[PDB]
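J.: Hey, dropping model.csv in here, CSV, C-alpha atoms:
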chain,number,residue,atom,x,y,z
A,1,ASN,CA,-72.4,164.3,121.9
A,2,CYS,CA,-69.5,163.5,124.2
A,3,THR,CA,-67.7,165.5,126.9
A,4,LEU,CA,-64.2,164.7,128.1
A,5,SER,CA,-62.9,165.1,131.6
A,6,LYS,CA,-60.8,168.1,132.5
A,7,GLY,CA,-57.1,167.3,131.7
A,8,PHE,CA,-58.2,164.4,129.4
A,9,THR,CA,-55.0,163.0,127.9
A,10,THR,CA,-54.5,160.5,125.0
A,11,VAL,CA,-52.4,157.5,125.8
A,12,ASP,CA,-50.1,156.6,122.9
A,13,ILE,CA,-48.3,153.2,122.6
A,14,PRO,CA,-45.1,153.1,120.4
A,15,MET,CA,-45.2,149.8,118.7
A,16,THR,CA,-41.6,148.6,118.7
A,17,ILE,CA,-41.0,145.2,117.3
A,18,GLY,CA,-37.9,143.4,116.2
A,19,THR,CA,-37.1,142.1,112.8
A,20,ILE,CA,-39.8,139.7,111.6
A,21,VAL,CA,-38.3,136.9,109.4
A,22,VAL,CA,-40.7,135.5,106.8
A,23,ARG,CA,-39.8,132.1,105.4
A,24,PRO,CA,-41.1,130.6,102.1
A,25,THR,CA,-42.3,127.7,104.1
A,26,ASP,CA,-44.6,129.8,106.3
A,27,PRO,CA,-48.1,129.2,104.9
A,28,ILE,CA,-50.5,131.9,104.0
A,29,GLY,CA,-52.3,132.9,107.2
A,30,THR,CA,-49.3,132.4,109.5
A,31,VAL,CA,-49.0,134.7,112.4
A,32,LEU,CA,-45.4,135.7,111.8
A,33,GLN,CA,-45.2,137.8,115.0
A,34,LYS,CA,-47.5,138.6,117.8
A,35,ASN,CA,-46.6,141.4,120.2
A,36,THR,CA,-48.4,142.6,123.3
A,37,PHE,CA,-47.9,146.1,124.8
A,38,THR,CA,-49.2,147.2,128.2
A,39,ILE,CA,-52.1,149.6,128.1
A,40,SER,CA,-51.5,151.9,131.0
A,41,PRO,CA,-54.4,154.2,131.4
A,42,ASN,CA,-54.6,157.6,133.2
A,43,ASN,CA,-57.7,159.0,134.8
A,44,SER,CA,-59.2,160.3,131.5
A,45,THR,CA,-63.0,159.8,131.1
A,46,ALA,CA,-65.7,160.5,128.6
A,47,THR,CA,-69.4,160.9,129.1
A,48,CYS,CA,-72.0,161.0,126.3
A,49,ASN,CA,-75.7,162.0,126.3
A,50,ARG,CA,-77.1,160.4,123.1
A,51,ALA,CA,-77.7,156.7,122.5
A,52,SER,CA,-76.3,157.2,119.0
A,53,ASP,CA,-72.9,158.2,120.4
A,54,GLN,CA,-70.2,155.8,119.6
A,55,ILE,CA,-66.8,154.6,120.7
A,56,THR,CA,-64.7,154.1,117.5
A,57,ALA,CA,-61.7,151.8,117.1
A,58,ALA,CA,-60.2,152.8,113.8
A,59,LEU,CA,-57.1,152.2,111.6
A,60,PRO,CA,-56.1,155.7,110.3
A,61,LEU,CA,-53.6,154.5,107.7
A,62,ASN,CA,-56.8,153.3,105.9
A,63,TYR,CA,-55.1,150.3,104.1
A,64,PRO,CA,-57.6,147.8,102.6
A,65,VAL,CA,-58.5,144.5,104.2
A,66,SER,CA,-56.0,141.9,102.9
A,67,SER,CA,-56.8,139.0,100.6
A,68,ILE,CA,-57.4,136.7,103.6
A,69,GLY,CA,-60.0,138.9,105.3
A,70,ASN,CA,-60.5,138.3,109.0
A,71,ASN,CA,-59.6,141.8,110.0
A,72,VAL,CA,-56.1,141.2,108.6
A,73,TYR,CA,-55.3,144.5,106.8
A,74,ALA,CA,-52.7,145.1,104.1
A,75,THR,CA,-49.5,147.2,104.7
A,76,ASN,CA,-46.9,148.9,102.5
A,77,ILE,CA,-45.1,145.5,102.3
A,78,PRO,CA,-46.7,143.0,99.8
A,79,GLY,CA,-47.9,139.8,101.4
A,80,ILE,CA,-47.7,141.2,104.9
A,81,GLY,CA,-50.8,142.1,106.9
A,82,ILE,CA,-51.5,143.3,110.4
A,83,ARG,CA,-54.3,142.7,112.9
A,84,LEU,CA,-54.9,144.7,116.0
A,85,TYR,CA,-56.9,144.2,119.2
A,86,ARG,CA,-56.9,144.7,122.9
A,87,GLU,CA,-57.6,142.4,125.8
A,88,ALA,CA,-57.5,142.3,129.6
A,89,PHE,CA,-54.3,141.1,131.3
A,90,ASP,CA,-56.1,137.8,132.0
A,91,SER,CA,-56.7,137.7,128.2
A,92,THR,CA,-60.5,138.2,128.6
A,93,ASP,CA,-62.4,141.3,127.5
A,94,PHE,CA,-61.3,140.9,123.9
A,95,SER,CA,-62.0,144.2,122.3
A,96,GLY,CA,-62.8,142.7,118.9
A,97,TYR,CA,-60.5,143.2,116.0
A,98,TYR,CA,-60.0,146.8,114.8
A,99,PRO,CA,-61.8,148.5,113.2
A,100,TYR,CA,-65.2,148.6,115.1
A,101,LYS,CA,-67.8,150.9,116.5
A,102,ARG,CA,-69.7,150.4,119.7
A,103,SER,CA,-72.8,152.2,121.0
A,104,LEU,CA,-72.3,154.0,124.3
A,105,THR,CA,-74.8,154.3,127.1
A,106,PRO,CA,-76.0,157.9,127.8
A,107,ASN,CA,-74.7,159.3,131.1
A,108,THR,CA,-72.3,156.4,131.6
A,109,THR,CA,-68.7,157.6,132.4
A,110,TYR,CA,-66.2,155.7,130.3
A,111,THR,CA,-62.5,155.2,130.9
A,112,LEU,CA,-59.7,153.4,129.0
A,113,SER,CA,-59.4,149.9,130.5
A,114,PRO,CA,-55.9,148.4,131.2
A,115,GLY,CA,-54.7,145.3,129.6
A,116,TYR,CA,-52.6,144.5,126.5
A,117,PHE,CA,-52.7,146.0,123.0
A,118,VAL,CA,-52.0,143.1,120.6
A,119,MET,CA,-50.4,143.5,117.2
A,120,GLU,CA,-50.1,140.6,114.9
A,121,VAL,CA,-48.1,140.6,111.7
A,122,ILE,CA,-49.5,137.9,109.4
A,123,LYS,CA,-48.5,136.5,106.0
A,124,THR,CA,-51.2,137.2,103.5
A,125,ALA,CA,-49.7,136.0,100.2
A,126,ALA,CA,-47.5,133.3,98.8
A,127,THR,CA,-44.8,135.8,98.0
A,128,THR,CA,-43.9,138.5,100.6
A,129,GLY,CA,-41.8,141.6,100.3
A,130,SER,CA,-39.1,143.1,102.5
A,131,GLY,CA,-38.7,146.4,104.2
A,132,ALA,CA,-39.9,148.6,107.0
A,133,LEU,CA,-43.6,149.0,107.8
A,134,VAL,CA,-44.6,152.6,107.0
A,135,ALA,CA,-44.4,154.8,110.0
A,136,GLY,CA,-47.4,156.6,111.5
A,137,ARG,CA,-50.4,156.2,113.7
A,138,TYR,CA,-51.7,152.6,113.2
A,139,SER,CA,-54.8,152.8,115.5
A,140,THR,CA,-57.0,155.2,117.3
A,141,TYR,CA,-59.8,154.8,119.9
A,142,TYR,CA,-62.0,157.8,120.4
A,143,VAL,CA,-65.6,158.9,121.2
A,144,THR,CA,-68.1,160.8,119.1
A,145,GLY,CA,-67.0,164.4,118.5
A,146,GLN,CA,-63.6,163.8,120.1
A,147,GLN,CA,-61.6,162.3,117.2
A,148,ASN,CA,-58.9,164.9,117.9
A,149,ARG,CA,-58.6,163.6,121.5
A,150,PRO,CA,-58.6,159.8,121.5
A,151,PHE,CA,-58.4,157.6,124.6
A,152,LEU,CA,-55.6,155.5,122.9
A,153,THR,CA,-53.4,155.6,119.9
A,154,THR,CA,-50.7,153.2,118.7
A,155,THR,CA,-47.9,154.4,116.6
A,156,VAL,CA,-45.0,153.0,114.6
A,157,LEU,CA,-42.1,155.4,115.0
A,158,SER,CA,-39.6,156.4,112.2
A,159,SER,CA,-36.7,155.9,114.7
A,160,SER,CA,-37.8,152.3,115.6
A,161,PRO,CA,-38.8,150.6,112.4
A,162,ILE,CA,-40.6,147.3,112.2
A,163,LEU,CA,-38.5,145.4,109.6
A,164,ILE,CA,-39.8,142.6,107.5
A,165,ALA,CA,-37.0,140.3,106.2
A,166,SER,CA,-38.2,137.7,103.7
A,167,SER,CA,-35.9,134.9,102.6
As structure tokens, what does this structure read like?
T.:
Amino acid sequence: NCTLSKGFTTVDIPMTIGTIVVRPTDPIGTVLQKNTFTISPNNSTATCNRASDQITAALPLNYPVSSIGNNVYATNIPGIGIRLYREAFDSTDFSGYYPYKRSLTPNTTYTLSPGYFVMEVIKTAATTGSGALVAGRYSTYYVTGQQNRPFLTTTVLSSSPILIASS
């Protein structure tokens, strides 16, 4: 099981993105929009004591994978998928696409690494809808037994909608 440092504090990234225009001529699989957000960690750490303990990168809205697979997940907007990941500032240390699990080394102290959180909005069908992406927590990153206290969350806010405009 995993222990968190005293004063452990989740970092949340509001995902604010301007209007994404989808055109009929955009082929299926097009990355319509790719946004990077700075991951700015604090001194929070986690230490675990069992080799079965895990770090989990999860998508709590629990939408199904889209028709095109490849970790492109459906949204409330037909034909519009999202894909999430993290990377170092120098673009290395690719986290892998959400969701994933990774085994943790017992007695290693883990921190949140700095870098970019990457959100891609991707066309997944010939016909695409219009509207705001549903608001809420789009990703979470937490250790075993500490799902209530993640290292990192990303959130779409009601007050800052991500609008899909299809023409």
J.: In terms of the shortest atom-to-atom distance over all atoms listed in the file, which of A:79, A:115, A:60, A:14 is closest to residue 92 of chain A?
T.: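 Smallest distance to residue 92 of chain A is found for A:115.
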J.: Please, what distance in Å, to one decimal, runs between atom CA of residue 153 of chain A and atom CA of residue 11 of chain A?
T.: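 Computed distance, atom CA of residue 153 of chain A to atom CA of residue 11 of chain A, equals 6.3 Å.
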J.: Mind pulling up the distance from atom CA of residue 100 of chain A to atom CA of residue 50 of chain A?
T.: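 Atom-to-atom, atom CA of residue 50 of chain A to atom CA of residue 100 of chain A, that is 18.6 Å.
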J.: Given the choices A:91, A:107, A:16, A:75, which gets closest to residue 37 of chain A if the distance is worked out from only C-alpha atoms?
T.: A:16
J.: Could you jot down the atom CA of residue 156 of chain A to atom CA of residue 116 of chain A separation for me, Å, one decimal place?
T.: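 Atom CA of residue 116 of chain A lies at a distance of 16.5 Å from atom CA of residue 156 of chain A.
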J.: Give the answer as one residue: which of A:152, A:157, A:126, A:88 has the shortest atom-to-atom distance to residue 30 of chain A, using all atoms listed in the file?
T.: A:126
J.: If we count all atoms listed in the file, what is near segment 65-69 of chain A at a cut-off of 8 Å, once residues fewer than 6 positions away on the same chain are taken out, given as a PyMOL selection string?
T.: chain A and resi 29+81+124-125
J.: Keeping C-alpha atoms for every residue in the selection just given, could you write it to a file as a short mmCIF file (atom, residue, chain, number, x, y, z; two decimals), keeping the file's coordinate frame?
T.:
data_model
loop_
_atom_site.label_atom_id
_atom_site.label_comp_id
_atom_site.auth_asym_id
_atom_site.auth_seq_id
_atom_site.Cartn_x
_atom_site.Cartn_y
_atom_site.Cartn_z
CA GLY A 29 -52.30 132.90 107.20
CA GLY A 81 -50.80 142.10 106.90
CA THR A 124 -51.20 137.20 103.50
CA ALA A 125 -49.70 136.00 100.20
#
J.: Kindly indicate which residue among A:84, A:4, A:135, A:46 lies nearest to residue 155 of chain A, using only C-alpha atoms for the distances.
T.: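 Closest residue, counting only C-alpha atoms: A:135.
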J.: So, with all atoms listed in the file as the atoms that count, which of A:147, A:49, A:95, A:139 lies closest to residue 114 of chain A?
T.: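 The answer is A:95, which sits nearest to residue 114 of chain A.
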J.: Select, from A:36, A:146, A:159, A:5, the residue with the minimum atom-to-atom distance to residue 119 of chain A, counting only C-alpha atoms.
T.: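 Answer, going by the shortest atom-to-atom distance: A:36.
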J.: Determine, counting all atoms listed in the file, which protein, DNA and RNA residues have an atom within 10 Å of an atom of residue 76 of chain A; residues of the same chain fewer than 3 positions away are not included. Present the result as a ChimeraX atom specification.
T.: /A:63,79-81,129-135
